[PDB]
Amino acid sequence: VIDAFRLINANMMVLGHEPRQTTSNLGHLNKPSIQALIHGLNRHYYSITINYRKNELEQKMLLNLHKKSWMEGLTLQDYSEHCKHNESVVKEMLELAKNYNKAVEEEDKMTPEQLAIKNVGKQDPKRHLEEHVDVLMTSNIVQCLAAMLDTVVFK
Amino acid sequence: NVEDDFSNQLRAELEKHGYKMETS
Amino acid sequence: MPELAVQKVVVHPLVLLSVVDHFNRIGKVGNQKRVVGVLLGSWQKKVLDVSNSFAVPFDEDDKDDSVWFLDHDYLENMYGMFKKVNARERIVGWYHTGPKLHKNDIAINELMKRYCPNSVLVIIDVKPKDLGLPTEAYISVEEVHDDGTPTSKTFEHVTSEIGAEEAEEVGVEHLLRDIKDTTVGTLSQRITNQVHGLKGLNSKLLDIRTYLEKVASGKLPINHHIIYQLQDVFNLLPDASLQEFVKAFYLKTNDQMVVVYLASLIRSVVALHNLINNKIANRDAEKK
Amino acid sequence: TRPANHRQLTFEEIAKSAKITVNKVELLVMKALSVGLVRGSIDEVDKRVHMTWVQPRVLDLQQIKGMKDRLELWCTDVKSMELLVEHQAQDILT
Amino acid sequence: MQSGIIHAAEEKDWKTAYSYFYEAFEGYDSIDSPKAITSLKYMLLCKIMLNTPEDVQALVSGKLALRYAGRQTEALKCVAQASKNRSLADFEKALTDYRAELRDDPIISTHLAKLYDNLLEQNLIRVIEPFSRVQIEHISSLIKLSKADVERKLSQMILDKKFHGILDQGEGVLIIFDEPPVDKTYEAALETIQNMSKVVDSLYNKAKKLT
Amino acid sequence: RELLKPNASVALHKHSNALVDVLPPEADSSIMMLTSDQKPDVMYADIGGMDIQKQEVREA
Amino acid sequence: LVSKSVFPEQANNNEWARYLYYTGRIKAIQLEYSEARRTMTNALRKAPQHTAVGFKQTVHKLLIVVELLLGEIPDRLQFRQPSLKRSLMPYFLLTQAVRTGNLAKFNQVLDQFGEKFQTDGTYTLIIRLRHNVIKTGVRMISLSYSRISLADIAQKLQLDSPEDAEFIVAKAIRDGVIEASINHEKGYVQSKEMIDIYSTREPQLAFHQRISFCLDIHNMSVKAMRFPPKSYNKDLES
Amino acid sequence: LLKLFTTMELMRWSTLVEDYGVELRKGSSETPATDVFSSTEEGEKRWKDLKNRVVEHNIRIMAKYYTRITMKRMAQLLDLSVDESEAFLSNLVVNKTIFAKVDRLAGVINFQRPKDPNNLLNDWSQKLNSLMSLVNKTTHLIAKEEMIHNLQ
């Protein structure tokens, strides 16, 4: 958030120089350093609206990381390593499983402190299991898809 | 056949005696 | 002076953005002519981190690669003002406005050496091309062929990536009416990158293909090095495709359902009998 | 000549294009991988020669022609397969 | 020192024997006696029992161990080297002449015995490893043990899964099975089922009340 | 409140004193695991004796 | 009637179990043993309910006869443990008959039993059941051995004579689930199985069925999970 | 002598011992005992040992090049009999020479690991990466030739 201000003094304000400055802008409240900042903020212009001049051509240059996504999106490691990934997660999930089993009886409850005893809210099994499942899922499919697609075009 | 264990007690005894006399 | 001193080009979104702006402003020097301008950033190092770029006056005549005007004064002054502000800031190289690679750039590269050691050719196009960035990084490489003169001066592409400072990145988001299309992150992005690769792969095969027909009849000049490398792709022919599978997710969803359903099922039994009494309550509560 | 999407040639032709003593054949065959004329392996339990790479043909109009057709066949594979996979996981894209 | 002699031989802790011998050394250091030299020897004995005589051969030399007294240092050097050569001939020849010394100290006699049967296994594993469908007769030549004696030894070794083969008695060859081909994904698939199974079983019993 | 709940270091913002973030316990431990940069001058070459004491300390 | 086919998920748990059983009968006589087995098994499983209890005993009667014809064996032990035990009791004799490999015991028992089935219209199947015991029998012998003599198979399976035994073993073989060849003039059966899943792609195939089935669960789960809590907030949340 | 050994071309013992024996024996040097190790009067005693070494080199280079080999073909390449070749192999692995799965029945010998899906995968993954890299680099090189100065 960028704002532009001008600074006047108190004497000027009572004459009525101060209100002119404030007119014709949309406000917005901030407080990054307590009420003293806010008092100065109102006195100035009070968060002046900033818009940006752009056209579609400039935007597109900013969107893409690089040209190389074209190669890279396709690029796979080694199969052995992919197979290892699958194996590592499974083992991890297996541990969490015991903790899920007690939990399922409730674990829809508010407050993490209360949940800690009841449904094993200390190292939450729902969360651990959901993270393990998301990472495993996207990687395995993309790595299979890439290698298999490349093979049919090349061979 | 519900459990093999009752039948097996007779089998092992019987089978050894016959087999031994003949071949072994 | 070294040409060889690049193998990685990391460019800020600022320099990439800067060229687009210089085209219009400069008075539309470009089109048949060219605008090349200095790149400010780190130099005298392997990885090039380009902080910024600005336009330099250039009139290009392409066809005859021996005629050009480049502003001699511009590089010197511009380097000194910037240095004080940040001392990493030096002359990294120059941008070329494409449309793609040329031989005309070879002639241009030699003069840049006297001023500052650089010869890096970054081709930053103002015209949208590629599904990704229309930016290429080129490092001048010397290779022998046996079709034409021995020892040719040519360009081998060297990997281009991107950077951005932390404030600057949040700034990139602020201008956009989106965040980004890809980042290769979670479930959703990761697939978008795969289909982007696939389209990007199809575009690549066509450049090479169209070119071979032209060699076959209606002659274009060829190099021994490019022709060999293409043959190799056929020869390398993959072997066999195996492995990779999941199914894990269904348990996660299934366990989740019974936990949320626990509350629902209980609400179901109470709610049904309550349904006629609720009408008197609802009315009352609603009345005031 | 025979490989270009095939990869085997028989061991047997080499000896018929050698015409010299048997012990000398192993040397010749192995000497070729080493200098950089060819890459690959030799399998003598099938008595066939498998080549991973076969050296590109030194400049000719013919060399350019062989490449173009094969590559065009491949070009058609990318486009088709790309569109196919895009329909499904339409939801995942967003 | 005496307590250590027991520890290694009877209590089967090679580890303890060694530590006890360090304590003994400490006690000796305040004076000097021929008993100090013996504790150094006896450390050496644990490694043999442990089934690593080869390690003894590295440590012992004419510069370090031979300088200190006893028959026992020369006796240790020859069994360790005989084992290093990997032959039953060099190993039996050392044992036989040394056997009289072996008796005097109870620790030598026992430690060598366990190593003796073992010595045979070590010669076989070595030969067998970069060979597949190799005869008992060929391997038996290197070990310098009979074809028949080897047949028996292979049988035992196959049960341990120290090389994973099957002995073909119909042709008199040891055929050893392919190097582990099991992909990581496949090993993971059994594991996947354990995680899911534990969850569904536990859930399904409470779930029963709904209908 | 998981590994926050028992006594641990936490990150606070200075000018407000608010609890912004959590830190693990390992972070901001006063001195590092010592006797690997400030090791003593002494061994069991200074004491060979008090045998009974030596036996006891090593086991305990 | 069956050709109209409509059956929504918002249908009651008893109407589903009834529906699966009825289809299961129609299939089994047409000679779709394979399809019939599947629908009937689903029916026992899907409704544990309380109105189901009464129906479940009927499901167990059919369950044992169809599954045995298809070529798989279950244990008498499985059946006995639930408290619907009372209806499984004649059934324990049949399960054992197929499993031991005892053609003669299995058919005779079933012929007399055929009366009960007639009310259902299952009775036409009882005739075909004579074959399945011999088939189940051959299956254990084929997988186990390499070449085993014709006399050995005849004694264990309880085949009528050695002459009956060659012909019958052959008929099983044609289908391909046994996967053997029988030498009539040499009197041994040979196993064409030299089976293993130690291969290239083959374990994935095994994994694939499990993975396919999971998807049907995943979608059904996701769709269903959100719809009841959002409704209660919408109307009466209790 | 140097040129041959440095090349990963194989030898035969008969030729190697025969032609080199006279030539190499003559050689001498200052600070060694005489010269010693395939040379002089002393160096000859050493020569006997070389026999193992020419065969050793041969199997080390053969293992890569001939991934699969018959016992007879191997034996021929090595210039030994079958019996010499199989005994030697056991010692060789200890000294630091490749893995093998040599046969006594003169069947398949895999100097590579014996059939695994992992083996097929490793080559495949390597091969896949190479195809992708080369098509991209060439595209960038291709443009220059097309445009020229500016005249296509």
# chains A, B, ... in the order shown; residues from 1 in each chain; ligands from 1
>>> interface_residues(of="chain H", to="chain G", cutoff="10 Å", atoms="only C-alpha atoms", output="JSON, numbers by chain")
{"H": [115, 116, 117, 118, 120]}
>>> write_last_selection(atoms="N, CA and C atoms", output="compact mmCIF listing (two decimals), in the first residue's frame")
# COMPACT_ATOMS: atom_id res chain seq x y z
N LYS H 115 18.24 -59.51 -14.53
CA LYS H 115 16.94 -58.93 -14.74
C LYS H 115 16.21 -58.33 -13.58
N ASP H 116 15.90 -57.02 -13.70
CA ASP H 116 15.18 -56.33 -12.67
C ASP H 116 14.30 -55.37 -13.47
N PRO H 117 13.16 -54.97 -13.03
CA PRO H 117 12.51 -53.81 -13.59
C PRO H 117 13.29 -52.59 -13.22
N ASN H 118 14.07 -52.59 -12.11
CA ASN H 118 14.82 -51.42 -11.77
C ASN H 118 15.88 -51.08 -12.83
N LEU H 120 15.74 -51.62 -16.15
CA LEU H 120 15.12 -51.14 -17.34
C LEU H 120 14.81 -49.67 -17.13
>>> interface_residues(of="chain C", to="chain A", cutoff="7 Å", atoms="only C-alpha atoms", output="ChimeraX atom specification")
/C:13,16-17,20,130,132-135,160-162,172,175-176,180,187,190-191,193-194,196-197,200-201,237-238,241,244-246,248-249,252,259-260
>>> write_last_selection(atoms="N, CA and C atoms", output="tab-separated table (two decimals), in the first residue's frame")
chain	number	residue	atom	x	y	z
C	13	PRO	N	11.85	-9.20	-12.56
C	13	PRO	CA	10.70	-8.91	-13.41
C	13	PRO	C	10.76	-7.54	-13.86
C	16	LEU	N	12.64	-7.15	-17.43
C	16	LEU	CA	11.81	-7.74	-18.41
C	16	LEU	C	10.70	-6.78	-18.77
C	17	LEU	N	10.12	-6.14	-17.77
C	17	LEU	CA	9.06	-5.15	-17.83
C	17	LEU	C	9.52	-3.89	-18.50
C	20	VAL	N	9.63	-3.32	-22.41
C	20	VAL	CA	8.33	-3.12	-22.96
C	20	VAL	C	8.07	-1.64	-22.96
C	130	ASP	N	6.02	-17.19	-27.45
C	130	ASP	CA	6.14	-18.31	-26.48
C	130	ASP	C	5.01	-18.13	-25.58
C	132	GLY	N	5.50	-19.02	-22.43
C	132	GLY	CA	6.31	-18.43	-21.38
C	132	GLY	C	6.84	-17.15	-21.86
C	133	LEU	N	7.95	-16.81	-21.25
C	133	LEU	CA	8.69	-15.55	-21.52
C	133	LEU	C	9.23	-15.62	-22.95
C	134	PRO	N	9.07	-14.53	-23.74
C	134	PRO	CA	9.80	-14.29	-24.98
C	134	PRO	C	11.20	-13.86	-24.83
C	135	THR	N	11.87	-14.32	-23.76
C	135	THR	CA	13.21	-14.01	-23.41
C	135	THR	C	13.99	-15.23	-23.58
C	160	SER	N	17.97	-19.54	-18.68
C	160	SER	CA	17.30	-18.41	-18.21
C	160	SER	C	16.31	-18.82	-17.23
C	161	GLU	N	16.31	-18.00	-16.17
C	161	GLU	CA	15.48	-18.20	-15.01
C	161	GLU	C	14.96	-16.87	-14.62
C	162	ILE	N	14.30	-16.78	-13.45
C	162	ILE	CA	13.87	-15.44	-13.00
C	162	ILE	C	14.20	-15.37	-11.52
C	172	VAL	N	4.69	-7.19	-8.09
C	172	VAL	CA	4.35	-7.87	-9.34
C	172	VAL	C	2.88	-8.30	-9.21
C	175	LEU	N	0.17	-5.11	-9.52
C	175	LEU	CA	-0.14	-4.69	-10.88
C	175	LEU	C	-1.06	-5.64	-11.56
C	176	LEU	N	-0.92	-6.98	-11.38
C	176	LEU	CA	-1.72	-8.01	-12.00
C	176	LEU	C	-3.04	-7.94	-11.31
C	180	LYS	N	-0.46	-15.59	-10.14
C	180	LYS	CA	0.20	-16.15	-11.31
C	180	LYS	C	-0.58	-17.40	-11.73
C	187	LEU	N	-1.69	-29.16	-5.65
C	187	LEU	CA	-2.40	-30.01	-6.54
C	187	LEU	C	-2.75	-29.27	-7.83
C	190	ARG	N	0.16	-27.74	-10.34
C	190	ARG	CA	1.14	-28.73	-10.77
C	190	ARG	C	0.77	-29.34	-12.10
C	191	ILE	N	-0.53	-29.64	-12.25
C	191	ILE	CA	-1.12	-30.00	-13.50
C	191	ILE	C	-1.06	-28.92	-14.60
C	193	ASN	N	1.15	-26.69	-15.07
C	193	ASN	CA	2.52	-26.81	-15.61
C	193	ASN	C	2.72	-27.96	-16.56
C	194	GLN	N	2.11	-29.12	-16.30
C	194	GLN	CA	2.23	-30.22	-17.21
C	194	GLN	C	1.65	-29.98	-18.59
C	196	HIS	N	1.11	-27.02	-19.97
C	196	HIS	CA	1.95	-25.94	-20.44
C	196	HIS	C	3.23	-26.61	-21.07
C	197	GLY	N	3.81	-27.68	-20.49
C	197	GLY	CA	4.97	-28.37	-21.03
C	197	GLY	C	4.62	-28.98	-22.28
C	200	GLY	N	4.23	-26.54	-25.02
C	200	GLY	CA	5.53	-26.08	-25.25
C	200	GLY	C	6.42	-27.01	-26.00
C	201	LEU	N	6.30	-28.39	-25.78
C	201	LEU	CA	6.93	-29.44	-26.53
C	201	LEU	C	6.50	-29.48	-27.99
C	237	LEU	N	16.23	-43.40	-28.71
C	237	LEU	CA	14.89	-44.09	-28.67
C	237	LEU	C	14.69	-44.67	-27.36
C	238	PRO	N	13.69	-44.30	-26.57
C	238	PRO	CA	13.52	-44.91	-25.26
C	238	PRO	C	13.43	-46.38	-25.21
C	241	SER	N	8.49	-48.45	-20.33
C	241	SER	CA	7.78	-47.54	-19.40
C	241	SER	C	7.19	-48.28	-18.24
C	244	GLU	N	4.73	-46.33	-10.78
C	244	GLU	CA	4.00	-45.16	-10.25
C	244	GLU	C	2.55	-45.33	-10.18
C	245	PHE	N	1.92	-45.36	-8.95
C	245	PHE	CA	0.54	-45.34	-8.76
C	245	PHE	C	0.28	-45.00	-7.29
C	246	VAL	N	-0.92	-44.46	-7.06
C	246	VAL	CA	-1.50	-44.01	-5.77
C	246	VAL	C	-2.94	-44.45	-5.77
C	248	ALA	N	-4.43	-43.14	-2.28
C	248	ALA	CA	-4.47	-42.80	-0.88
C	248	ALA	C	-5.61	-41.94	-0.42
C	249	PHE	N	-6.16	-41.05	-1.15
C	249	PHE	CA	-7.02	-39.95	-0.82
C	249	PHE	C	-8.35	-40.41	-0.27
C	252	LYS	N	-9.06	-40.51	3.49
C	252	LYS	CA	-8.99	-39.17	4.13
C	252	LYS	C	-10.33	-38.59	4.10
C	259	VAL	N	-16.92	-37.88	10.84
C	259	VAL	CA	-16.71	-36.86	11.86
C	259	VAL	C	-17.73	-35.72	11.71
C	260	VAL	N	-17.96	-35.10	10.44
C	260	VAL	CA	-18.97	-34.08	10.20
C	260	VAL	C	-20.43	-34.56	10.31
>>> interface_residues(of="chain E", to="chain F", cutoff="9 Å", atoms="only C-alpha atoms", output="list in words")
residues 23, 26, 27, 29 and 30 of chain E
>>> residues_around(residues="residue 93 (chain G)", least_positions_apart="3", cutoff="10 Å", atoms="only C-alpha atoms", output="list in words")
residues 1 of chain B; 76, 88, 89, 90, 96, 97, 98, 105, 106, 109 and 110 of chain G
>>> write_last_selection(atoms="C-alpha atoms", output="mmCIF file, in the first residue's frame")
data_model
loop_
_atom_site.group_PDB
_atom_site.id
_atom_site.type_symbol
_atom_site.label_atom_id
_atom_site.label_comp_id
_atom_site.auth_asym_id
_atom_site.auth_seq_id
_atom_site.Cartn_x
_atom_site.Cartn_y
_atom_site.Cartn_z
ATOM 1 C CA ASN B 1 -13.248 -81.042 7.695
ATOM 2 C CA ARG G 76 -17.890 -73.117 6.914
ATOM 3 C CA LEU G 88 -26.660 -71.533 7.594
ATOM 4 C CA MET G 89 -26.702 -75.009 9.195
ATOM 5 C CA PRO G 90 -27.550 -77.454 6.151
ATOM 6 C CA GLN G 96 -17.146 -78.664 3.235
ATOM 7 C CA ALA G 97 -18.071 -80.960 0.330
ATOM 8 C CA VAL G 98 -16.650 -78.608 -2.331
ATOM 9 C CA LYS G 105 -21.348 -86.172 -1.307
ATOM 10 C CA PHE G 106 -22.005 -82.689 -2.806
ATOM 11 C CA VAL G 109 -27.192 -83.597 -0.780
ATOM 12 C CA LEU G 110 -28.055 -80.799 -3.128
#
>>> residues_around(residues="region 118-133 of chain E", least_positions_apart="2", cutoff="6 Å", atoms="only C-alpha atoms", output="number ranges by chain")
E: 86, 115-116, 143, 174-176; H: 90, 99-103
>>> write_last_selection(atoms="N, CA and C atoms", output="PDB file, in the first residue's frame")
ATOM      1  N   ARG E  86      42.396 -67.160   3.506  1.00  0.00           N
ATOM      2  CA  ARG E  86      41.136 -67.739   3.214  1.00  0.00           C
ATOM      3  C   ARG E  86      41.403 -69.152   2.656  1.00  0.00           C
ATOM      4  N   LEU E 115      35.337 -69.770  15.433  1.00  0.00           N
ATOM      5  CA  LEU E 115      35.942 -69.214  14.209  1.00  0.00           C
ATOM      6  C   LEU E 115      36.196 -70.278  13.213  1.00  0.00           C
ATOM      7  N   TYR E 116      36.586 -71.549  13.586  1.00  0.00           N
ATOM      8  CA  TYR E 116      36.913 -72.620  12.665  1.00  0.00           C
ATOM      9  C   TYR E 116      35.825 -73.028  11.679  1.00  0.00           C
ATOM     10  N   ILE E 143      38.024 -73.139  -1.487  1.00  0.00           N
ATOM     11  CA  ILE E 143      37.839 -73.274  -0.026  1.00  0.00           C
ATOM     12  C   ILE E 143      38.830 -74.291   0.455  1.00  0.00           C
ATOM     13  N   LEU E 174      24.833 -75.040  -7.589  1.00  0.00           N
ATOM     14  CA  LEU E 174      24.244 -74.127  -6.661  1.00  0.00           C
ATOM     15  C   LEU E 174      23.741 -73.088  -7.631  1.00  0.00           C
ATOM     16  N   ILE E 175      22.436 -72.927  -7.714  1.00  0.00           N
ATOM     17  CA  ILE E 175      21.851 -71.926  -8.570  1.00  0.00           C
ATOM     18  C   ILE E 175      21.445 -70.835  -7.621  1.00  0.00           C
ATOM     19  N   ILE E 176      21.884 -69.546  -7.918  1.00  0.00           N
ATOM     20  CA  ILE E 176      21.519 -68.531  -6.985  1.00  0.00           C
ATOM     21  C   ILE E 176      20.589 -67.563  -7.747  1.00  0.00           C
TER      22      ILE E 176
ATOM     23  N   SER H  90      36.976 -65.003  -8.769  1.00  0.00           N
ATOM     24  CA  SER H  90      36.756 -64.923  -7.383  1.00  0.00           C
ATOM     25  C   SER H  90      37.725 -64.058  -6.632  1.00  0.00           C
ATOM     26  N   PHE H  99      31.699 -56.635 -10.943  1.00  0.00           N
ATOM     27  CA  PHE H  99      30.761 -57.663 -10.649  1.00  0.00           C
ATOM     28  C   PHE H  99      30.375 -58.393 -11.891  1.00  0.00           C
ATOM     29  N   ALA H 100      30.053 -59.654 -11.736  1.00  0.00           N
ATOM     30  CA  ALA H 100      29.791 -60.515 -12.812  1.00  0.00           C
ATOM     31  C   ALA H 100      28.858 -61.521 -12.287  1.00  0.00           C
ATOM     32  N   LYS H 101      28.209 -62.429 -13.144  1.00  0.00           N
ATOM     33  CA  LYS H 101      27.463 -63.507 -12.589  1.00  0.00           C
ATOM     34  C   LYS H 101      27.751 -64.638 -13.465  1.00  0.00           C
ATOM     35  N   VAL H 102      29.062 -64.928 -13.585  1.00  0.00           N
ATOM     36  CA  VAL H 102      29.629 -65.943 -14.495  1.00  0.00           C
ATOM     37  C   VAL H 102      29.028 -67.299 -14.240  1.00  0.00           C
ATOM     38  N   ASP H 103      28.956 -68.135 -15.320  1.00  0.00           N
ATOM     39  CA  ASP H 103      28.395 -69.443 -15.270  1.00  0.00           C
ATOM     40  C   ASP H 103      29.419 -70.484 -15.440  1.00  0.00           C
TER      41      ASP H 103
END
>>> select_by_dssp(residues="region 12-230 of chain G", states="strand (DSSP E)", output="ChimeraX atom specification")
/G:147-149,180-183,188-191
>>> interface_residues(of="chain H", to="chain C", cutoff="7 Å", atoms="only C-alpha atoms", output="PyMOL selection string")
chain H and resi 120+124+127-128+131+134+136-150
>>> write_last_selection(atoms="C-alpha atoms", output="short mmCIF file (atom, residue, chain, number, x, y, z; two decimals), in the first residue's frame")
data_model
loop_
_atom_site.label_atom_id
_atom_site.label_comp_id
_atom_site.auth_asym_id
_atom_site.auth_seq_id
_atom_site.Cartn_x
_atom_site.Cartn_y
_atom_site.Cartn_z
CA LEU H 120 15.12 -51.14 -17.34
CA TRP H 124 14.95 -45.41 -19.47
CA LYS H 127 17.39 -41.69 -22.10
CA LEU H 128 14.22 -39.65 -21.44
CA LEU H 131 15.73 -36.46 -25.72
CA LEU H 134 18.56 -31.92 -27.15
CA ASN H 136 15.19 -27.62 -26.89
CA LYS H 137 18.84 -26.52 -27.47
CA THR H 138 18.65 -27.15 -31.16
CA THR H 139 15.52 -24.96 -31.52
CA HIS H 140 17.48 -21.97 -30.21
CA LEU H 141 20.39 -22.72 -32.67
CA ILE H 142 17.91 -23.20 -35.53
CA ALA H 143 16.59 -19.63 -35.77
CA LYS H 144 19.91 -18.09 -36.60
CA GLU H 145 20.30 -20.17 -39.71
CA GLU H 146 16.77 -19.33 -40.86
CA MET H 147 16.85 -15.47 -40.59
CA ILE H 148 20.54 -14.93 -41.51
CA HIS H 149 21.27 -11.19 -41.55
CA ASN H 150 17.51 -10.51 -41.92
#
>>> closest_atom_pairs(of="chain E", to="chain C", cutoff="10 Å", atoms="only C-alpha atoms", output="JSON lines")
{"residue": "E:183", "atom": "CA", "partner": "C:243", "partner_atom": "CA", "distance": 8.2}
{"residue": "E:184", "atom": "CA", "partner": "C:243", "partner_atom": "CA", "distance": 9.3}
{"residue": "E:185", "atom": "CA", "partner": "C:244", "partner_atom": "CA", "distance": 6.5}
{"residue": "E:186", "atom": "CA", "partner": "C:243", "partner_atom": "CA", "distance": 8.7}
{"residue": "E:188", "atom": "CA", "partner": "C:246", "partner_atom": "CA", "distance": 9.9}
{"residue": "E:189", "atom": "CA", "partner": "C:246", "partner_atom": "CA", "distance": 8.6}
{"residue": "E:192", "atom": "CA", "partner": "C:248", "partner_atom": "CA", "distance": 7.6}
{"residue": "E:193", "atom": "CA", "partner": "C:248", "partner_atom": "CA", "distance": 9.5}
{"residue": "E:195", "atom": "CA", "partner": "C:251", "partner_atom": "CA", "distance": 9.3}
{"residue": "E:196", "atom": "CA", "partner": "C:251", "partner_atom": "CA", "distance": 6.6}
{"residue": "E:197", "atom": "CA", "partner": "C:251", "partner_atom": "CA", "distance": 9.7}
{"residue": "E:199", "atom": "CA", "partner": "C:251", "partner_atom": "CA", "distance": 8.1}
{"residue": "E:200", "atom": "CA", "partner": "C:251", "partner_atom": "CA", "distance": 8.0}
{"residue": "E:203", "atom": "CA", "partner": "C:255", "partner_atom": "CA", "distance": 7.8}
{"residue": "E:207", "atom": "CA", "partner": "C:258", "partner_atom": "CA", "distance": 8.0}
{"residue": "E:210", "atom": "CA", "partner": "C:265", "partner_atom": "CA", "distance": 8.3}
>>> residues_around(residues="region 8-13 of chain A", least_positions_apart="2", cutoff="12 Å", atoms="only C-alpha atoms", output="ChimeraX atom specification")
/A:5-6,15-22,39-45
>>> interface_residues(of="chain D", to="chain A", cutoff="7 Å", atoms="only C-alpha atoms", output="PyMOL selection string")
chain D and resi 74+77-78
>>> atom_distance(atom1="CA of residue 149 (chain G)", atom2="CA of residue 187 (chain G)")
6.0 Å
>>> interface_residues(of="chain G", to="chain C", cutoff="9 Å", atoms="only C-alpha atoms", output="short mmCIF file (atom, residue, chain, number, x, y, z; two decimals) with N, CA and C atoms, in the first residue's frame")
data_model
loop_
_atom_site.label_atom_id
_atom_site.label_comp_id
_atom_site.auth_asym_id
_atom_site.auth_seq_id
_atom_site.Cartn_x
_atom_site.Cartn_y
_atom_site.Cartn_z
N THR G 200 7.61 -57.90 -15.37
CA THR G 200 7.69 -56.49 -15.64
C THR G 200 6.50 -55.78 -15.05
N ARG G 201 5.37 -55.59 -15.81
CA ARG G 201 4.28 -54.71 -15.43
C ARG G 201 3.30 -55.41 -14.41
N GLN G 204 1.34 -54.29 -11.16
CA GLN G 204 0.54 -53.10 -11.19
C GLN G 204 -0.88 -53.43 -11.49
N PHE G 207 -2.67 -54.40 -8.44
CA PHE G 207 -2.84 -53.18 -7.64
C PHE G 207 -4.03 -52.32 -8.21
N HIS G 208 -4.16 -52.37 -9.53
CA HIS G 208 -5.07 -51.58 -10.40
C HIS G 208 -6.51 -51.77 -10.05
N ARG G 210 -7.78 -52.65 -7.10
CA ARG G 210 -7.95 -52.10 -5.80
C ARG G 210 -8.13 -50.56 -5.92
N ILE G 211 -7.26 -49.95 -6.77
CA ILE G 211 -7.15 -48.54 -7.07
C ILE G 211 -8.40 -48.00 -7.76
N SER G 212 -8.93 -48.79 -8.70
CA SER G 212 -10.21 -48.49 -9.44
C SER G 212 -11.37 -48.44 -8.50
N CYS G 214 -11.49 -47.89 -5.36
CA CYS G 214 -11.27 -46.82 -4.35
C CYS G 214 -11.94 -45.50 -4.88
N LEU G 215 -11.89 -45.24 -6.16
CA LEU G 215 -12.37 -44.06 -6.86
C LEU G 215 -13.85 -43.95 -6.71
N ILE G 217 -15.53 -45.17 -4.28
CA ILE G 217 -15.68 -44.71 -2.89
C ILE G 217 -15.37 -43.26 -2.72
N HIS G 218 -14.32 -42.78 -3.33
CA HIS G 218 -13.90 -41.42 -3.10
C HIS G 218 -14.90 -40.40 -3.54
N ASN G 219 -15.50 -40.57 -4.75
CA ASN G 219 -16.43 -39.65 -5.33
C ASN G 219 -17.79 -39.57 -4.52
N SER G 221 -18.23 -40.40 -1.46
CA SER G 221 -17.90 -39.81 -0.21
C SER G 221 -17.87 -38.32 -0.20
N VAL G 222 -17.17 -37.71 -1.20
CA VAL G 222 -16.97 -36.31 -1.31
C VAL G 222 -18.26 -35.60 -1.46
N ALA G 224 -21.45 -36.64 -1.08
CA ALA G 224 -22.29 -36.89 0.08
C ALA G 224 -21.89 -36.07 1.33
N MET G 225 -20.59 -35.86 1.59
CA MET G 225 -20.12 -35.31 2.86
C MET G 225 -20.55 -33.88 3.09
N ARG G 226 -20.50 -33.04 2.10
CA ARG G 226 -20.82 -31.63 2.32
C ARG G 226 -22.28 -31.33 2.52
N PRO G 228 -25.43 -32.75 3.87
CA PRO G 228 -26.15 -32.58 5.14
C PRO G 228 -25.74 -31.41 6.09
N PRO G 229 -24.49 -30.97 6.46
CA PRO G 229 -24.31 -29.85 7.42
C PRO G 229 -24.80 -28.45 6.90
N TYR G 232 -28.57 -28.15 7.35
CA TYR G 232 -29.11 -27.92 8.65
C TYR G 232 -28.96 -26.44 8.94
N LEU G 236 -33.59 -25.81 9.91
CA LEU G 236 -33.40 -26.03 11.36
C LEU G 236 -32.10 -26.70 11.64
N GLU G 237 -31.21 -25.99 12.41
CA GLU G 237 -29.97 -26.52 12.92
C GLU G 237 -30.34 -26.60 14.38
N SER G 238 -30.10 -27.80 14.88
CA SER G 238 -30.56 -28.21 16.17
C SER G 238 -29.51 -28.24 17.20
#
>>> select_by_dssp(residues="region 8-209 of chain E", states="alpha helix (DSSP H)", output="number ranges by chain")
E: 8-9, 14-28, 35-50, 53-59, 72-85, 88-104, 106-128, 136-143, 147-160, 184-207
>>> atom_distance(atom1="CA of residue 166 (chain C)", atom2="CA of residue 18 (chain C)")
18.5 Å
>>> atom_distance(atom1="CA of residue 165 (chain G)", atom2="CA of residue 67 (chain G)")
23.7 Å
>>> residues_around(residues="region 22-32 of chain G", least_positions_apart="2", cutoff="12 Å", atoms="only C-alpha atoms", output="PyMOL selection string")
chain G and resi 1-3+5+15-20+34-44+55+58-59+61-63+65-70+117-118+120-129
